[PDB]
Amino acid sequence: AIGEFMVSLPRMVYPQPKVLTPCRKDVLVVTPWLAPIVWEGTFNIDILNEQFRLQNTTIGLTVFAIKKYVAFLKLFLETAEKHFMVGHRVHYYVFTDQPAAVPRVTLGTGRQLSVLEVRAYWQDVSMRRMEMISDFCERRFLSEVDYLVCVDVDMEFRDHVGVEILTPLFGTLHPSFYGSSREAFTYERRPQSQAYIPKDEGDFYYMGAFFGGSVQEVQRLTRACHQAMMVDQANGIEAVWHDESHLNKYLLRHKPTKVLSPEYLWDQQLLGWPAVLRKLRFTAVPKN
């Protein structure tokens, strides 16, 4: 449950936070709109686990595995079982055109998986994830989970991804652009697109492969992006990076209440393991 009466935390013994000692001096840990940017060292997971378990939090995880991408499900789900929200209630929603190709993955207690069949297939395909999350699953998600997390399938968990990410609305810093100036961001730059962002605007470049929030906020985001993509289709334009371009426009105009660092979306083959990353949590798998 979100927003409901919160019982007291129990007594806990942990290191005192010290006002004159930053957790991290090498990175920005809060946005200019006072949203935490989540890096290792910024959170005490024991405190957060307590807070979220006291609310009996349920997290939904959506993932699409259409056509050949069903091959990625086994590693995705098996590593999610090792690293994603362990100890919390989790409901996986696997959207696929091949229900029989979903691997039988053994789940920990308090965790469940639903296979949701969708159509095979390009413009309706580009809008598929945003449309599916909003238009068709609206009522189900509201009844079943407190938060939704929406990720790419061509990925594996290598380390902890937990309740530190949960908040009304979050996006994730794209691993290729976190050091870039805004003029270099690959936002949609054509004013004829609903995703248009001028060269003097932009906070961050968020990747389309990991976003989430409360069910209400995720449905707001996905509905807005779906509607904007439909306008573009009607006007004969497709944004340069498809749903990611629209996600970036949305998060510019509706600031996220947390931002995940690139620990949460990394490609080691492409980008190595820089000093600023203490953990590589959720990482690209080769898709050639």
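Don't overthink the numbering: it's just position in the shown sequence, from 1.
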property	result
Continuity check for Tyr121 and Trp122, given as deposited residues lacking coordinates between them	1 to 3
Residue stretch of maximal mean CA temperature factor, 97 to 105 vs 76 to 84	97 to 105
272 to 280 versus 5 to 13 - greater average Cα B-factor per the deposited record	5 to 13
Residue with highest C-alpha B-factor in the PDB entry, from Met230, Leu260, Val30, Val63	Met230
Residue of maximum C-alpha B factor among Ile165, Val145, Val153, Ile133, per deposited coordinates	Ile133
Cα B factor band for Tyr187 (lowest, middle or highest third within the chain)	middle
Modelled-residue ranking by C-alpha temperature factor, third containing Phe141	highest
For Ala35, the third of its chain into which the C-alpha B factor falls	lowest
B-factor third for the C-alpha atom of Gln51 within its chain	lowest
Cα B factor band for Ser176 (lowest, middle or highest third within the chain)	middle
